[PDB]
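Coordinates as given in protein_37.cif (mmCIF, C-alpha atoms and all ligand atoms):
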```cif
data_target
loop_
_atom_site.label_atom_id
_atom_site.label_comp_id
_atom_site.auth_asym_id
_atom_site.auth_seq_id
_atom_site.Cartn_x
_atom_site.Cartn_y
_atom_site.Cartn_z
CA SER A 19 -218.62 -54.04 -69.34
CA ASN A 20 -220.10 -50.69 -70.33
CA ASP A 21 -223.53 -52.24 -69.80
CA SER A 22 -223.31 -51.63 -66.05
CA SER A 23 -222.42 -47.97 -66.58
CA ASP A 24 -221.79 -45.94 -69.74
CA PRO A 25 -218.90 -43.39 -69.94
CA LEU A 26 -221.37 -40.71 -71.07
CA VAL A 27 -223.07 -40.71 -67.67
CA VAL A 28 -219.77 -40.40 -65.82
CA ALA A 29 -218.48 -37.75 -68.21
CA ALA A 30 -221.73 -35.80 -67.99
CA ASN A 31 -221.44 -35.49 -64.21
CA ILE A 32 -217.76 -34.59 -64.48
CA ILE A 33 -218.45 -31.98 -67.17
CA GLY A 34 -221.17 -30.34 -65.06
CA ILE A 35 -218.93 -30.24 -61.99
CA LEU A 36 -216.05 -28.76 -63.98
CA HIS A 37 -218.39 -26.10 -65.34
CA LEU A 38 -219.18 -25.04 -61.78
CA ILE A 39 -215.51 -24.54 -61.03
CA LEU A 40 -215.21 -22.05 -63.90
CA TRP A 41 -218.64 -20.46 -63.39
CA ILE A 42 -218.08 -20.21 -59.62
CA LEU A 43 -214.77 -18.42 -60.18
CA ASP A 44 -216.51 -15.81 -62.32
CA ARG A 45 -219.09 -15.32 -59.57
CA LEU A 46 -216.26 -14.61 -57.12
CA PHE A 47 -215.24 -11.48 -59.05
CA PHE A 48 -218.85 -10.59 -59.79
CA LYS A 49 -219.65 -6.90 -60.37
CA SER B 19 -225.51 -51.85 -52.90
CA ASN B 20 -224.20 -49.06 -55.13
CA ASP B 21 -224.98 -51.29 -58.11
CA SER B 22 -228.63 -50.23 -58.03
CA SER B 23 -227.67 -46.55 -58.01
CA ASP B 24 -224.29 -44.80 -57.87
CA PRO B 25 -223.73 -41.69 -55.65
CA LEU B 26 -222.38 -39.81 -58.67
CA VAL B 27 -225.80 -39.81 -60.33
CA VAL B 28 -227.52 -38.53 -57.19
CA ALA B 29 -224.81 -35.94 -56.55
CA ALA B 30 -224.90 -34.79 -60.17
CA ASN B 31 -228.61 -33.99 -59.96
CA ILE B 32 -228.14 -32.30 -56.59
CA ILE B 33 -225.20 -30.25 -57.87
CA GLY B 34 -227.18 -29.05 -60.90
CA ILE B 35 -230.17 -28.09 -58.74
CA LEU B 36 -227.94 -26.22 -56.28
CA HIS B 37 -226.36 -24.35 -59.18
CA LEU B 38 -229.79 -23.10 -60.20
CA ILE B 39 -230.40 -21.68 -56.74
CA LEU B 40 -227.26 -19.54 -57.02
CA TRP B 41 -227.68 -18.72 -60.73
CA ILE B 42 -231.37 -17.93 -60.25
CA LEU B 43 -230.53 -15.49 -57.44
CA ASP B 44 -228.16 -13.62 -59.74
CA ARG B 45 -230.90 -13.42 -62.36
CA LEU B 46 -233.19 -11.80 -59.78
CA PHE B 47 -230.89 -8.77 -59.51
CA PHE B 48 -230.15 -8.82 -63.23
CA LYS B 49 -229.18 -5.52 -64.86
CA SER C 19 -234.46 -51.67 -76.73
CA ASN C 20 -234.74 -48.39 -74.84
CA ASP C 21 -234.67 -50.41 -71.63
CA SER C 22 -230.87 -50.63 -71.77
CA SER C 23 -230.57 -46.86 -72.20
CA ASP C 24 -233.19 -44.12 -72.58
CA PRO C 25 -232.75 -41.26 -75.13
CA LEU C 26 -233.34 -38.72 -72.35
CA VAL C 27 -230.07 -39.67 -70.65
CA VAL C 28 -228.10 -39.38 -73.89
CA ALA C 29 -229.81 -36.12 -74.85
CA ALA C 30 -229.27 -34.69 -71.37
CA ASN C 31 -225.51 -35.18 -71.62
CA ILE C 32 -225.47 -33.80 -75.16
CA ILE C 33 -227.54 -30.77 -74.16
CA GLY C 34 -225.21 -29.97 -71.25
CA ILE C 35 -222.13 -30.28 -73.45
CA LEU C 36 -223.67 -28.06 -76.13
CA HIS C 37 -224.48 -25.47 -73.48
CA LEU C 38 -220.81 -25.32 -72.55
CA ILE C 39 -219.85 -24.56 -76.13
CA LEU C 40 -222.10 -21.49 -76.14
CA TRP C 41 -221.35 -20.47 -72.53
CA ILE C 42 -217.61 -20.99 -73.04
CA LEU C 43 -217.67 -18.73 -76.11
CA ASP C 44 -219.24 -15.94 -74.07
CA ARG C 45 -216.53 -16.38 -71.44
CA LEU C 46 -213.90 -15.89 -74.15
CA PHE C 47 -215.07 -12.31 -74.78
CA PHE C 48 -215.71 -11.72 -71.09
CA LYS C 49 -215.50 -8.13 -69.84
CA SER D 19 -241.63 -49.56 -60.50
CA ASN D 20 -239.08 -46.82 -59.84
CA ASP D 21 -236.38 -49.48 -60.12
CA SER D 22 -236.45 -49.23 -63.92
CA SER D 23 -236.04 -45.45 -63.79
CA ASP D 24 -235.90 -43.01 -60.87
CA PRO D 25 -237.76 -39.62 -60.99
CA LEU D 26 -234.51 -37.84 -60.10
CA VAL D 27 -232.96 -38.76 -63.45
CA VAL D 28 -235.99 -37.55 -65.39
CA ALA D 29 -236.27 -34.38 -63.31
CA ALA D 30 -232.55 -33.69 -63.67
CA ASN D 31 -232.78 -33.69 -67.46
CA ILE D 32 -235.94 -31.58 -67.36
CA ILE D 33 -234.36 -29.09 -64.95
CA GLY D 34 -231.28 -28.70 -67.15
CA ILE D 35 -233.41 -28.17 -70.26
CA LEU D 36 -235.58 -25.60 -68.50
CA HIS D 37 -232.46 -23.76 -67.37
CA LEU D 38 -231.41 -23.41 -71.00
CA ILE D 39 -234.71 -21.78 -71.88
CA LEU D 40 -234.11 -19.05 -69.29
CA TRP D 41 -230.35 -18.77 -69.89
CA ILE D 42 -230.85 -18.75 -73.67
CA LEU D 43 -233.35 -15.89 -73.37
CA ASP D 44 -230.80 -13.82 -71.48
CA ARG D 45 -228.25 -14.51 -74.21
CA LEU D 46 -230.71 -13.15 -76.78
CA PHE D 47 -230.58 -9.68 -75.21
CA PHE D 48 -226.87 -9.98 -74.49
CA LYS D 49 -224.86 -6.75 -74.27
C1 LIG A 101 -227.74 -42.30 -64.59
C2 LIG A 101 -228.78 -42.68 -65.35
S1 LIG A 101 -229.27 -41.60 -66.20
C3 LIG A 101 -228.33 -40.53 -65.79
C4 LIG A 101 -228.39 -39.26 -66.33
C5 LIG A 101 -227.49 -38.23 -66.21
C6 LIG A 101 -228.00 -37.22 -66.92
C7 LIG A 101 -227.45 -35.84 -67.14
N1 LIG A 101 -227.32 -35.18 -65.84
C8 LIG A 101 -226.99 -33.73 -65.79
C9 LIG A 101 -226.94 -33.23 -64.32
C10 LIG A 101 -226.60 -31.73 -64.24
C11 LIG A 101 -225.24 -31.45 -64.88
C12 LIG A 101 -225.28 -31.90 -66.35
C13 LIG A 101 -226.35 -31.10 -67.09
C14 LIG A 101 -227.72 -31.36 -66.44
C15 LIG A 101 -227.67 -30.91 -64.97
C16 LIG A 101 -228.06 -32.86 -66.53
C17 LIG A 101 -225.61 -33.41 -66.43
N2 LIG A 101 -229.10 -37.62 -67.40
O1 LIG A 101 -229.33 -38.86 -67.04
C18 LIG A 101 -227.47 -41.02 -64.85
#
```
For this file, produce the structure as structure tokens.
Amino acid sequence: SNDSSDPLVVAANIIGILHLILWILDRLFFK
Amino acid sequence: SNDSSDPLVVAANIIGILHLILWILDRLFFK
Amino acid sequence: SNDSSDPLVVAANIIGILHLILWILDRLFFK
Amino acid sequence: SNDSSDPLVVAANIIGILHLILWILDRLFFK
């Protein structure tokens, strides 16, 4: 079942997107 | 149709590239 | 054997995750 | 030929790795 798509690929994309939420927030209060 | 390639993979690459544009800009005015 | 999954994909996810560990730590002592 | 592996996937991993080289350098001179 994981042959079609591995959880690492899905998690990787999710992790990167989540990072943007936190990094973007910091950019909002940039100095 | 999405079996060949999922939109998450394409979006992930696009999101990462876009992040660089914003992060790179900040690096330009580094201090 | 690498046809099923290339090491680049696995390494890419690992590299991104590792980056978060270092970047997250910096955010902890943010100023 | 690109069916086996798309250039976007390879480029994505390369782009992320390259980002670390620049981001890591900044961390070296952290303040
Ligand atoms: C489908 C097949 S391979 C495949 C795949 C995903 C990745 C990692 N992508 C990242 C995109 C952004 C966000 C994360 C760090 C890097 C920039 C690389 C995850 N590497 O390969 C997907």
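Taking CA of residue 26 in chain B as the reference point, CA of residue 31 in chain C is found at 14.1 Å.
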Contact residues (chain C, partner chain A, 9 Å, only C-alpha atoms) as a ChimeraX atom specification | /C:22,27-28,30-32,34-35,38
Determine the nearest neighbour of ligand LIG 101 (chain A) from the options A:42, A:49, A:19, A:36, counting all atoms listed in the file.
-> A:36
How would chain B read as a CSV table (one decimal) with C-alpha atoms, keeping the file's coordinate frame once least-squares superposed on chain A using all paired C-alpha atoms?
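Result file is selection00.csv:
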```csv
chain,number,residue,atom,x,y,z
B,19,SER,CA,-218.6,-54.0,-69.3
B,20,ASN,CA,-220.1,-50.7,-70.3
B,21,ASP,CA,-223.5,-52.2,-69.8
B,22,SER,CA,-223.3,-51.6,-66.1
B,23,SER,CA,-222.4,-48.0,-66.6
B,24,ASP,CA,-221.8,-45.9,-69.7
B,25,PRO,CA,-218.9,-43.4,-69.9
B,26,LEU,CA,-221.4,-40.7,-71.1
B,27,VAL,CA,-223.1,-40.7,-67.7
B,28,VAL,CA,-219.8,-40.4,-65.8
B,29,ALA,CA,-218.5,-37.7,-68.2
B,30,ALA,CA,-221.7,-35.8,-68.0
B,31,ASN,CA,-221.4,-35.5,-64.2
B,32,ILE,CA,-217.8,-34.6,-64.5
B,33,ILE,CA,-218.5,-32.0,-67.2
B,34,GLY,CA,-221.2,-30.3,-65.1
B,35,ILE,CA,-218.9,-30.2,-62.0
B,36,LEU,CA,-216.0,-28.8,-64.0
B,37,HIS,CA,-218.4,-26.1,-65.3
B,38,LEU,CA,-219.2,-25.0,-61.8
B,39,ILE,CA,-215.5,-24.5,-61.0
B,40,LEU,CA,-215.2,-22.1,-63.9
B,41,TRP,CA,-218.6,-20.5,-63.4
B,42,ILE,CA,-218.1,-20.2,-59.6
B,43,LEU,CA,-214.8,-18.4,-60.2
B,44,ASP,CA,-216.5,-15.8,-62.3
B,45,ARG,CA,-219.1,-15.3,-59.6
B,46,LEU,CA,-216.3,-14.6,-57.1
B,47,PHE,CA,-215.2,-11.5,-59.1
B,48,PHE,CA,-218.8,-10.6,-59.8
B,49,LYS,CA,-219.6,-6.9,-60.4
```
Box for ligand LIG 101 (chain A): with edges along x, y and z, all listed atoms inside and 4 Å added on each side, what are the centre and edge lengths in Å to one decimal, as AutoDock Vina command-line options?
```
--center_x -227.3 --center_y -36.8 --center_z -65.8 --size_x 12.1 --size_y 19.8 --size_z 11.2
```
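Rounded to one decimal, CA of residue 46 in chain B and CA of residue 48 in chain A lie 14.4 Å from each other.
The spacing separating atom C4 of ligand LIG 101 (chain A) from CA of residue 25 in chain C amounts to 10.0 Å.
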Filled-in N, CA, C and O atoms of range 19-35 of chain D, supplied as a tab-separated table (two decimals), keeping the file's coordinate frame:
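What follows is the written file out_33.tsv:
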```tsv
chain	number	residue	atom	x	y	z
D	19	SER	N	-241.31	-50.28	-59.23
D	19	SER	CA	-241.63	-49.56	-60.50
D	19	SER	C	-240.56	-48.50	-60.77
D	19	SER	O	-240.16	-48.29	-61.91
D	20	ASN	N	-240.11	-47.85	-59.71
D	20	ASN	CA	-239.08	-46.82	-59.84
D	20	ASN	C	-237.71	-47.45	-60.06
D	20	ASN	O	-236.74	-46.75	-60.35
D	21	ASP	N	-237.64	-48.77	-59.93
D	21	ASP	CA	-236.38	-49.48	-60.12
D	21	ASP	C	-235.88	-49.30	-61.55
D	21	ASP	O	-234.69	-49.09	-61.78
D	22	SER	N	-236.80	-49.39	-62.51
D	22	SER	CA	-236.45	-49.23	-63.92
D	22	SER	C	-235.86	-47.85	-64.18
D	22	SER	O	-234.85	-47.71	-64.87
D	23	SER	N	-236.50	-46.82	-63.62
D	23	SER	CA	-236.04	-45.45	-63.79
D	23	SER	C	-236.51	-44.59	-62.62
D	23	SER	O	-237.69	-44.59	-62.27
D	24	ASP	N	-235.57	-43.87	-62.01
D	24	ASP	CA	-235.90	-43.01	-60.87
D	24	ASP	C	-236.37	-41.63	-61.36
D	24	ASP	O	-235.95	-41.17	-62.42
D	25	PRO	N	-237.23	-40.97	-60.61
D	25	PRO	CA	-237.76	-39.62	-60.99
D	25	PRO	C	-236.66	-38.55	-60.98
D	25	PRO	O	-236.77	-37.53	-61.65
D	26	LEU	N	-235.61	-38.79	-60.20
D	26	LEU	CA	-234.51	-37.84	-60.10
D	26	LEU	C	-233.82	-37.68	-61.45
D	26	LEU	O	-233.48	-36.57	-61.86
D	27	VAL	N	-233.61	-38.79	-62.14
D	27	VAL	CA	-232.96	-38.76	-63.45
D	27	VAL	C	-233.79	-37.97	-64.45
D	27	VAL	O	-233.27	-37.12	-65.17
D	28	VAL	N	-235.09	-38.25	-64.47
D	28	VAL	CA	-235.99	-37.55	-65.39
D	28	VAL	C	-236.06	-36.07	-65.05
D	28	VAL	O	-235.99	-35.21	-65.93
D	29	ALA	N	-236.19	-35.77	-63.76
D	29	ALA	CA	-236.27	-34.38	-63.31
D	29	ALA	C	-234.97	-33.64	-63.62
D	29	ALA	O	-234.99	-32.48	-64.02
D	30	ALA	N	-233.85	-34.31	-63.42
D	30	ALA	CA	-232.55	-33.69	-63.67
D	30	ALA	C	-232.45	-33.20	-65.11
D	30	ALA	O	-232.05	-32.07	-65.36
D	31	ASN	N	-232.83	-34.06	-66.05
D	31	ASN	CA	-232.78	-33.69	-67.46
D	31	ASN	C	-233.74	-32.55	-67.75
D	31	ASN	O	-233.41	-31.62	-68.48
D	32	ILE	N	-234.93	-32.62	-67.16
D	32	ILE	CA	-235.94	-31.58	-67.36
D	32	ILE	C	-235.45	-30.25	-66.79
D	32	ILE	O	-235.63	-29.20	-67.40
D	33	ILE	N	-234.85	-30.30	-65.60
D	33	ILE	CA	-234.36	-29.09	-64.95
D	33	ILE	C	-233.28	-28.43	-65.79
D	33	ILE	O	-233.27	-27.21	-65.96
D	34	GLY	N	-232.36	-29.23	-66.33
D	34	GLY	CA	-231.28	-28.70	-67.15
D	34	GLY	C	-231.83	-28.04	-68.42
D	34	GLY	O	-231.37	-26.97	-68.82
D	35	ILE	N	-232.80	-28.69	-69.04
D	35	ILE	CA	-233.41	-28.17	-70.26
D	35	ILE	C	-234.12	-26.85	-69.98
D	35	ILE	O	-234.01	-25.89	-70.75
```
